[PDB]
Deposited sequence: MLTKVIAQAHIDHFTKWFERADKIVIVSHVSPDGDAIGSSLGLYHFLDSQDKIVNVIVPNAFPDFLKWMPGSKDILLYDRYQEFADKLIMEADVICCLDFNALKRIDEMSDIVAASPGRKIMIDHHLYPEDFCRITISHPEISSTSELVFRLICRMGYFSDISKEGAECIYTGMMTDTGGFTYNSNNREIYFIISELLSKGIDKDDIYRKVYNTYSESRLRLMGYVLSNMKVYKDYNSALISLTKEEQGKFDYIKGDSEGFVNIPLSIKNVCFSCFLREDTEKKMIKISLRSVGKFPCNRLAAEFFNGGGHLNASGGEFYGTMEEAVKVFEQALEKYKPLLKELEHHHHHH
């Protein structure tokens, strides 16, 4: 309903749009629901508009996202670099969805930066770089998927949004809000949900296909991590872990411990959650927080990383109680902040 995107930007992109013949859509390393959804959504739109479109991500994406229309044709740069470089270098327009720093598409940086094709960035993360000639950056919006839906509507093609395109955009929105349980207080989100529903999607099904589909090993693996988690009541934090030794017990396939770092946050008075997953061999740190505790800050001040205010990670080389000690001092330092 409300105009969030600059009408100017919209007009300028519309110009590139009609002139363009070959468009390439790119997203960040380790594509997540919003990354794949927003890109597949734009892809479907652009594709119905008599245009050559190719979605290229740096990496592989979760299996719970394979059911999406078009995922099969998403080109993974780490296995077809050659082909991709050609597509990228020959593109008229290059849409960068869901990331605002070239370092984010790690590996693809060079070729994307090198391409003479005009670039446009549609994102919602804070502090956007200026490598794109057109920049649609709105941190005030919950997902890239959502403003890809706004951009298409503002351009007058709401009617041209297919059910497949609608399924993807909704997935991206759902994902970045954890099923609309955080950063979803804006009314318009629900007007859009209602509109997508009118394209024929089954939101309840999309939900199950992403969150309620996975081996009994993963769910049991979870039950394990939960029993062994440690809760530092006075620091309002919590820590869960997994050694290569443990991973082998439950036959850990990559992606099992997903969303595990979140579970601890559902405890009454625990707003900071840490997950130390011993990488096969040193320790993989994942930070999550409800409220305003800056995870990205402790992520950089103790585990050579970064990320966002509520979610971020990084690695610490050593062992289990070694990482734990590190985490435990990080806690002692921020104990007063963790108290506010």
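Counting from 1 along the deposited sequence, which stretches lack C-alpha positions? Going by the record, the segments left unmodelled (no C-alpha atoms) fall at 1, 283-284, 344-351.
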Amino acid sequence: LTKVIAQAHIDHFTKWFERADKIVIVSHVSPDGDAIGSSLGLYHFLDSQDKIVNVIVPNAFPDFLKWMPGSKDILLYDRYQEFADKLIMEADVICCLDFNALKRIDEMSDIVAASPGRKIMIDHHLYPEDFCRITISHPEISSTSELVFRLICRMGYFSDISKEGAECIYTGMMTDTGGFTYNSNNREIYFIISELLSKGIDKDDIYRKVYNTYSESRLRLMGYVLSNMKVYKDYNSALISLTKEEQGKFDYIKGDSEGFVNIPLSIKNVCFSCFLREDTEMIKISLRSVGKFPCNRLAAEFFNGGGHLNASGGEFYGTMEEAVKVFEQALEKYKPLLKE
From here on, numbers count along this sequence of modelled residues.
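In the PDB record, does 323-331 or 10-18 carry the higher mean Cα temperature factor? Taking the mean C-alpha B-factor of 323-331 and of 10-18, the larger value falls to 323-331.
Pick between 240-248 and 195-203: the one whose mean CA B-factor in the entry is higher. For C-alpha atoms only, the mean B-factor is higher in 240-248.
Can you tell me which of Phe61, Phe302, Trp67, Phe45 has the highest Cα temperature factor in the record? When the deposited C-alpha B-factors of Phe61, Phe302, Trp67, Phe45 are compared, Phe302 is largest.
Criterion, highest CA B-factor; candidates, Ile52, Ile285, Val29, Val26: When the deposited C-alpha B-factors of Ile52, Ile285, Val29, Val26 are compared, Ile285 is largest.
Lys230 - Cα temperature factor, lowest/middle/highest third of chain: Within its chain, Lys230 is a highest-third residue by C-alpha B-factor, going by the deposited values.
Taking the entry's C-alpha B-factors for this chain, is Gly223 in the lowest, middle or highest third? Its C-alpha B-factor, which the entry lists for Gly223, ranks in the highest third among residues of this chain.
Chain-relative CA temperature factor third for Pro264: Its C-alpha B-factor, which the entry lists for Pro264, ranks in the middle third among residues of this chain.
Based on the entry's values, in what third of the chain does the Cα temperature factor of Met121 lie: lowest, middle or highest? As the PDB entry reports it, the C-alpha B-factor of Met121 lands in the lowest third of its chain.
Third of the chain, ranked by Cα B-factor, where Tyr214 sits: Highest third, going by the recorded CA B-factors of the chain.
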